[PDB]
Structure formats: structure tokens, C-alpha cells
Amino acid sequence: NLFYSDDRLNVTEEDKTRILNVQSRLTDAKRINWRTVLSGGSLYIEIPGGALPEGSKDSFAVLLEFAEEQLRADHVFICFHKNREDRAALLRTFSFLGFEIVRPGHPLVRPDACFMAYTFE
Amino acid sequence: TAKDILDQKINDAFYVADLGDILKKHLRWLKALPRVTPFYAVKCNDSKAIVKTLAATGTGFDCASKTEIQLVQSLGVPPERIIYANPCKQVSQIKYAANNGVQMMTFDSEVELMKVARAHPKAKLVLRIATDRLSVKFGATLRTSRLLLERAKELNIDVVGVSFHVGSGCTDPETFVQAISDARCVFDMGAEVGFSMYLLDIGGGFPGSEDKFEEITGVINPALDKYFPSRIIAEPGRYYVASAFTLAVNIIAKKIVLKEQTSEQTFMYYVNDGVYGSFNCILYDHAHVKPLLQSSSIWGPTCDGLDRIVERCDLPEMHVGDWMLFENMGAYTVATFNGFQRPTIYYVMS
Ligand SMILES: Cc1ncc(COP(=O)(O)O)c(C=O)c1O
């Protein structure tokens with residue numbers, strides 16, 4: 001339904017709230033899509049089955065321009081099942097980015113899934 | 001030593017930190033790394049005291065956010081000791097750093113480059129390379145490095161050096177000696193593409209407990225005297241602050257579990273500090289914390305599935321209200337209202 005498109009991104013849409021399908025046509029990479037969902041400022045990216053395709057973070061980093069710059073999101077949350085098998089390495093890597101683990105019960109988030117929250121500045 | 005002040009407060013989870021251990025370890029540092037200038041990765045522990053002593057000695061500061069250069073600028077540290085080395089940098093952060101005199105900014109991709117170009121084009125860029133287990137990949141590969149080195153020119157941006165970061169869990173020194181080798185090759189293509197490079201940053205990852213340093217530092221010193229003889233900085237973290245802190249947790253629940261087939265008493269203690277509060281390690285780096293006093297399993301305040309501090313340890317009975325201790329809880333155990341907690345720290349400077 002043609003939400004946004006620039007030189008590096010192609011986000012088509014799926015239905016309320018607003019779900020987004022952001023896809024990175026990066027300057028030399030393979031195809032990396034992120035099924036996200038924007039709900040009241042904050043955007044919630046779902047994390048693929050793993051392992052991750054070779055493109056991110058260069059893709060995911062673009063996924064933070066937008067949405068900080070286009071969706072004007074104050075919060076971007078990631079989520080993956082728990083499970084999985086690399087929950088550690090996952091938790092660890094995204095923490096290298098300004099992320100942090102979210103204590104269950106938060107007002108901005110099910111129990112089968114592990115969340116992480118990155119806030120903008 | 002300070003391993004008593006705990007008791008002086010025993011009469012709600014709290015820290016005590018041997019603020020001397022911070023210093024002796026810095027002393028140990030420049031005795032083991034005389035060539036390297038340490039830049040504290042403040043994200044490891046952004047407590048003002050920890051920083052204020054460190055700043056007052058002679059350490060630079062690897063910052064990674066807006067609030068972090070705040071903390072360190074407010075302590076009157078000159079922006080010539082600040083290096084902005086966040087893996088993924090937001091744009092507004094590039095700008096804030098620009099407007100505030102910080103010049104050294106890392107990068108490892110063209111994506112990071114464009115961002116730097118339109119926010120702080122007059123920055124002193126340091127190309128972070130990828131030393132050889134994590135999801136995404138961090139640091140440039142030896143090939144893409146060159147392409148970044150040219151692109152930087154084709155953009156007219158000053159690249160002044162290279163960096164790497166082996167990080168924790170490096171189970172072999174021959175990884176350090178290799179990066180410095182690759183760090184040479186990159187210095188070349190830079191000097192070859194036409195850059196007056198002079199800054200080698202070797203990142204951080206060196207241990208902060210005795211469970212070794214000089215072992216890693218001793219394979220380094222001959223490697224630097226080799227590839228880089230006549231500036232070298234680092235980004236340590238876990239090192240400085242690990243062995244300084246000791247966490248005091250209070251048992252806030254008790255349960256006995258039996259498991260009878262056809263005869264096995266086991267205890268479960270719940271404390272007021274969890275894996276979503278302080279013990280990020282055990283689901284991050286899969287830690288193995290041993291508890292100290294003054295068969296069971298220790299669980300956290302959140303009744304969650306993996307809020308499990310220790311899964312199985314031989315321990316005498318209690319009851320509730322008792323405290324337990326964990327040493328070397330200084331690295332990545334402090335942060336806040338997302339996401340809320342804030343404990344209280346007792347600094348003991350002899
Ligand atoms: C660029 C950089 N420097 C330093 C650190 C922290 O170093 P240390 O492992 O000693 O805590 C981090 C994360 O590990 C980092 O991303």
C-alpha cells in the first residue's frame with residue numbers, strides 16, 4: 001500500500017493498529033525484511049527465526065534512521081521467542097546497540113516471548 | 001577490608017564498592033600497559049563516583065550516548081579524552097557530540113558513514129575493523145575497510161585511525177595479536193588512500209576478576225612494539241570495575257520441594273534482585289555466580305521462568321530475611337525508569 005520508500009528502504013503495509021513491513025534494498029546487500037508494528041509512537045520489530053541473514057546491522061541500523069526520523073518513534077522494541085537457542089547471543093548482540101532487557105509486566109508489551117527495548121534520545 | 005561494611009549495614013538490595021580496587025587496577029594497568037592509554041567504557045558502570053576517581057587519575061572515556069558524554073563533560077573532562085564509540089549511532093547523537101567538542105567517532109560501515117557525513121562532517125573518524133560468538137557482525141572486513149577508506153575521501157571526511165574490539169570471552173590471546181596485525185594493513189591502505197593515520201584503538205575486553213590479565217597483556221606488548229612502534233588508546237570496561245563491587249541480596253521468599261519417586265529435600269530462595277534487574281549476565285553471557293554467606297537454587301523477585309540467579313548449589317537452610325553475597329558484581333550490573341530499579345552504592349575509599 002506504499003508507506004515509505006527511499007534509496008535504501010522499501011516498507012509496504014499489511015488492519016488496525018498499523019503494521020509495517022520494512023525492507024532494506026541496501027547499497028550492496030541481500031534482501032532483509034523486518035515485520036514490524038507501530039502502535040502509539042513506539043514501534044515493535046519482530047526478530048526472524050535465526051540465524052540472521054548477512055546484511056544487518058547495516059539494514060537494522062537503517063531501520064533506526066526511519067523510524068526515528070520518519071515514524072518519529074520514541075521507543076523501538078524487539079521480540080523473539082523463548083526458547084530460542086541463541087537467546088543469549090541475541091540478548092547480547094542487541095545490547096551492544098543501545099538496547100536493554102525489559103522486565104515482564106511492563107505496560108508496553110504475552111509470556112512466551114522475550115522482549116528488548118531501545119529508547120531514542 | 002571493605003568486606004565488612006556489608007555487615008555494618010546488616011541490621012533491600014545494596015552495593016558496596018572498594019573504590020581503591022579501582023585505583024590499584026589502574027596502577028596495575030599502566031604498569032602492564034605503559035604504551036596504551038585507557039579510555040573507560042562508561043556504559044559498563046556509569047556511577048559518578050567510579051567515573052570521578054577515574055577521570056581524576058588520567059583515563060579517557062569511551063562514551064556511547066548523549067547522557068554519557070553529559071556525565072563525563074559535567075566532571076570537567078576535556079573533550080580531548082572523549083571518544084564516541086557506539087556501534088550504531090543515531091543522528092541526533094552525532095550532532096550533540098559535534099556541538100560539544102567531541103571529535104573521535106568510530107565507524108565500520110557506509111551506513112554509519114552517511115550519518116556522520118550530514119551531522120558531523122568535520123569529525124575525526126576511526127575505522128573500527130572486525131576482529132574474528134555474536135549475531136550480526138561488528139567491524140569492517142579487510143576488504144570493505146578499503147572501500148570505506150576511499151569513500152571517506154570521496155566524501156572528504158578525515159579518517160585518523162583504526163579500532164577493534166575482541167570483547168569478553170576471548171579464550172585465546174592469538175586473537176589480539178591478529179587484530180593489531182590487521183590494524184597495520186588498514187593503516188597502510190589509509191596512508192595509501194592518503195590519510196595521516198596515527199591512532200590505534202584496541203578496544204576492550206580484558207577481565208576484571210581473577211577467574212588472566214597480564215597473560216593477555218604480555219602477548220600484546222611484543223605485538224605493539226612490532227607493528228606499531230612510534231598513538232595507542234583502549235576501551236576497557238569489565239577490567240576496572242568488576243572486582244570492586246559486591247552485591248548484597250535479601251531472601252524474600254522460601255519454598256521446599258521434595259520430588260518423591262516411589263526422598264530428596266531441596267530449597268528455593270527468592271531474593272529482591274533479579275536477572276532483569278542486576279543479573280543481566282546469566283542470560284547475556286551465561287554467567288555462573290557463586291553465592292556467599294556471612295541443596296538449593298536462588299530465584300529473582302519477578303516470578304518469571306528464567307529469573308534464576310543460581311540453578312543448583314549446596315547451601316544450609318535459612319529462613320527468609322537473610323542476606324547473601326555475590327562478589328565481582330561491578331561490571332554490567334548497574335543502570336533508568338524503563339526498566340526501573342536503582343539500588344544504592346556504598347563507596348569505601350581507604
Ligand atoms: C566499542 C566498545 N568498547 C568497549 C566495550 C566494553 O568493553 P568491555 O568488554 O571491557 O566491558 C564495548 C562492548 O563490549 C564496546 O562495544
# chains A, B, ... in the order shown; residues from 1 in each chain; ligands from 1
$ closest_atom_pairs --of "chain B" --to "ligand 1" --cutoff "9 Å" --atoms "only C-alpha atoms and all ligand atoms" --output "tab-separated table"
residue	atom	partner	partner_atom_place_in_ligand_line	distance
B:39	CA	ligand 1	4 (C)	8.7
B:40	CA	ligand 1	4 (C)	7.9
B:41	CA	ligand 1	4 (C)	5.2
B:42	CA	ligand 1	6 (C)	8.2
B:43	CA	ligand 1	6 (C)	7.4
B:44	CA	ligand 1	11 (O)	5.7
B:62	CA	ligand 1	3 (N)	6.8
B:63	CA	ligand 1	3 (N)	8.7
B:64	CA	ligand 1	1 (C)	8.3
B:84	CA	ligand 1	1 (C)	8.8
B:85	CA	ligand 1	1 (C)	5.3
B:86	CA	ligand 1	1 (C)	6.1
B:87	CA	ligand 1	16 (O)	6.2
B:106	CA	ligand 1	1 (C)	8.4
B:128	CA	ligand 1	1 (C)	8.3
B:138	CA	ligand 1	16 (O)	9.0
B:163	CA	ligand 1	1 (C)	8.4
B:164	CA	ligand 1	1 (C)	7.5
B:165	CA	ligand 1	1 (C)	6.1
B:166	CA	ligand 1	9 (O)	8.0
B:167	CA	ligand 1	9 (O)	4.6
B:168	CA	ligand 1	9 (O)	5.0
B:169	CA	ligand 1	9 (O)	8.8
B:202	CA	ligand 1	3 (N)	8.7
B:203	CA	ligand 1	3 (N)	5.0
B:204	CA	ligand 1	10 (O)	4.2
B:205	CA	ligand 1	10 (O)	3.6
B:206	CA	ligand 1	10 (O)	5.5
B:207	CA	ligand 1	10 (O)	7.1
B:208	CA	ligand 1	10 (O)	8.2
B:234	CA	ligand 1	3 (N)	8.0
B:235	CA	ligand 1	4 (C)	4.7
B:236	CA	ligand 1	10 (O)	4.1
B:237	CA	ligand 1	10 (O)	3.5
B:238	CA	ligand 1	11 (O)	4.2
B:239	CA	ligand 1	10 (O)	5.9
B:240	CA	ligand 1	10 (O)	8.3
B:331	CA	ligand 1	11 (O)	7.1
B:332	CA	ligand 1	11 (O)	7.8
$ residues_around --residues "segment 288-292 of chain B" --least-positions-apart "6" --cutoff "12 Å" --atoms "only C-alpha atoms" --output "VMD selection string"
chain B and resid 3 211 246 to 250 269 275 279 to 282 298 308 to 316 322 to 329
$ closest_atom_pairs --of "chain B" --to "chain A" --cutoff "7 Å" --atoms "only C-alpha atoms" --output "Markdown table"
| residue | atom | partner | partner_atom | distance |
| --- | --- | --- | --- | --- |
| B:87 | CA | A:97 | CA | 6.4 |
| B:88 | CA | A:97 | CA | 6.1 |
| B:111 | CA | A:58 | CA | 6.1 |
| B:133 | CA | A:89 | CA | 6.9 |
| B:134 | CA | A:89 | CA | 5.3 |
| B:135 | CA | A:93 | CA | 6.1 |
| B:136 | CA | A:57 | CA | 5.9 |
| B:276 | CA | A:103 | CA | 5.5 |
| B:283 | CA | A:88 | CA | 5.4 |
| B:284 | CA | A:88 | CA | 4.9 |
| B:285 | CA | A:88 | CA | 6.5 |
| B:339 | CA | A:102 | CA | 6.0 |
$ write_last_selection --atoms "N, CA, C and O atoms" --output "PDB file, in the first residue's frame"
ATOM      1  N   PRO B  87      28.544   1.377  18.543  1.00  0.00           N
ATOM      2  CA  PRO B  87      28.439   0.585  17.311  1.00  0.00           C
ATOM      3  C   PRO B  87      27.461   1.190  16.308  1.00  0.00           C
ATOM      4  O   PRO B  87      27.847   1.497  15.179  1.00  0.00           O
ATOM      5  N   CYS B  88      26.210   1.358  16.720  1.00  0.00           N
ATOM      6  CA  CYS B  88      25.215   2.022  15.891  1.00  0.00           C
ATOM      7  C   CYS B  88      24.884   3.384  16.490  1.00  0.00           C
ATOM      8  O   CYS B  88      24.376   3.471  17.607  1.00  0.00           O
ATOM      9  N   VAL B 111      26.823   2.808   5.991  1.00  0.00           N
ATOM     10  CA  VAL B 111      25.592   3.265   6.630  1.00  0.00           C
ATOM     11  C   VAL B 111      25.898   4.253   7.753  1.00  0.00           C
ATOM     12  O   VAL B 111      25.246   5.291   7.873  1.00  0.00           O
ATOM     13  N   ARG B 133      30.673 -15.451  20.360  1.00  0.00           N
ATOM     14  CA  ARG B 133      30.086 -15.529  19.036  1.00  0.00           C
ATOM     15  C   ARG B 133      28.799 -14.752  19.047  1.00  0.00           C
ATOM     16  O   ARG B 133      27.980 -14.952  19.919  1.00  0.00           O
ATOM     17  N   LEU B 134      28.630 -13.854  18.086  1.00  0.00           N
ATOM     18  CA  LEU B 134      27.533 -12.906  18.112  1.00  0.00           C
ATOM     19  C   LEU B 134      26.675 -12.963  16.868  1.00  0.00           C
ATOM     20  O   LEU B 134      27.105 -13.455  15.853  1.00  0.00           O
ATOM     21  N   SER B 135      25.463 -12.436  16.944  1.00  0.00           N
ATOM     22  CA  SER B 135      24.591 -12.395  15.792  1.00  0.00           C
ATOM     23  C   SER B 135      25.197 -11.569  14.665  1.00  0.00           C
ATOM     24  O   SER B 135      26.097 -12.015  14.003  1.00  0.00           O
ATOM     25  N   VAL B 136      24.707 -10.367  14.445  1.00  0.00           N
ATOM     26  CA  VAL B 136      25.233  -9.505  13.435  1.00  0.00           C
ATOM     27  C   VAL B 136      26.726  -9.394  13.540  1.00  0.00           C
ATOM     28  O   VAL B 136      27.294  -9.818  14.491  1.00  0.00           O
ATOM     29  N   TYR B 276      16.524  -9.497  35.518  1.00  0.00           N
ATOM     30  CA  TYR B 276      16.067  -8.335  34.768  1.00  0.00           C
ATOM     31  C   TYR B 276      16.403  -7.054  35.520  1.00  0.00           C
ATOM     32  O   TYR B 276      16.013  -5.962  35.106  1.00  0.00           O
ATOM     33  N   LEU B 283      21.736 -14.474  31.388  1.00  0.00           N
ATOM     34  CA  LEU B 283      21.101 -14.711  30.089  1.00  0.00           C
ATOM     35  C   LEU B 283      21.817 -13.989  28.949  1.00  0.00           C
ATOM     36  O   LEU B 283      21.604 -14.296  27.777  1.00  0.00           O
ATOM     37  N   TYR B 284      22.673 -13.036  29.300  1.00  0.00           N
ATOM     38  CA  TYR B 284      23.570 -12.430  28.326  1.00  0.00           C
ATOM     39  C   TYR B 284      24.734 -13.369  28.052  1.00  0.00           C
ATOM     40  O   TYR B 284      24.784 -14.036  27.018  1.00  0.00           O
ATOM     41  N   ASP B 285      25.661 -13.422  29.001  1.00  0.00           N
ATOM     42  CA  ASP B 285      26.918 -14.133  28.821  1.00  0.00           C
ATOM     43  C   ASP B 285      26.921 -15.490  29.519  1.00  0.00           C
ATOM     44  O   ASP B 285      27.970 -16.122  29.648  1.00  0.00           O
ATOM     45  N   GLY B 339      11.809  -0.364  32.907  1.00  0.00           N
ATOM     46  CA  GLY B 339      13.242  -0.564  33.074  1.00  0.00           C
ATOM     47  C   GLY B 339      13.772  -0.130  34.424  1.00  0.00           C
ATOM     48  O   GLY B 339      14.956   0.189  34.558  1.00  0.00           O
TER      49      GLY B 339
END
$ residues_around --residues "residue 153 of chain B" --least-positions-apart "3" --cutoff "10 Å" --atoms "only C-alpha atoms" --output "list in words"
residues 148, 149, 150, 156, 157, 158, 159, 190, 193, 194 and 195 of chain B
$ write_last_selection --atoms "N, CA, C and O atoms" --output "compact mmCIF listing (two decimals), in the first residue's frame"
# COMPACT_ATOMS: atom_id res chain seq x y z
N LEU B 148 35.67 1.76 2.50
CA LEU B 148 35.29 2.81 3.43
C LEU B 148 36.34 3.91 3.43
O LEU B 148 36.03 5.09 3.54
N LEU B 149 37.60 3.50 3.31
CA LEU B 149 38.72 4.42 3.31
C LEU B 149 38.70 5.33 2.08
O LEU B 149 39.04 6.51 2.17
N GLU B 150 38.31 4.78 0.94
CA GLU B 150 38.16 5.57 -0.27
C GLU B 150 36.91 6.44 -0.20
O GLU B 150 36.97 7.64 -0.47
N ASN B 156 35.20 13.43 1.40
CA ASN B 156 36.03 14.40 2.11
C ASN B 156 35.83 14.41 3.63
O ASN B 156 35.47 15.43 4.21
N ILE B 157 36.05 13.26 4.25
CA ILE B 157 36.00 13.15 5.71
C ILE B 157 37.31 12.58 6.24
O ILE B 157 37.83 11.60 5.71
N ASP B 158 37.84 13.20 7.29
CA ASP B 158 39.13 12.80 7.83
C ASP B 158 39.05 11.54 8.68
O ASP B 158 38.45 11.53 9.76
N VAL B 159 39.66 10.47 8.18
CA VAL B 159 39.84 9.25 8.95
C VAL B 159 41.25 9.29 9.55
O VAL B 159 42.23 9.43 8.82
N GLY B 190 44.97 3.20 4.28
CA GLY B 190 44.63 4.56 4.67
C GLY B 190 45.72 5.54 4.28
O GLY B 190 45.45 6.54 3.61
N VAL B 193 45.57 5.55 0.63
CA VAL B 193 44.47 6.33 0.07
C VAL B 193 44.70 7.80 0.42
O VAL B 193 44.07 8.69 -0.13
N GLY B 194 45.65 8.06 1.32
CA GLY B 194 46.04 9.42 1.63
C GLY B 194 45.45 9.90 2.93
O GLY B 194 44.69 10.87 2.96
N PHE B 195 45.81 9.22 4.02
CA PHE B 195 45.37 9.62 5.35
C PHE B 195 46.53 9.60 6.33
O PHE B 195 47.25 8.60 6.44
$ atom_distance --atom1 "atom CA of residue 33 of chain A" --atom2 "atom CA of residue 154 of chain B"
29.8 Å
$ select_by_dssp --residues "segment 106-350 of chain B" --states "alpha helix (DSSP H)" --output "MDAnalysis selection string"
chainID B and resid 110:119 142:153 176:193 213:227 238:241 281:284
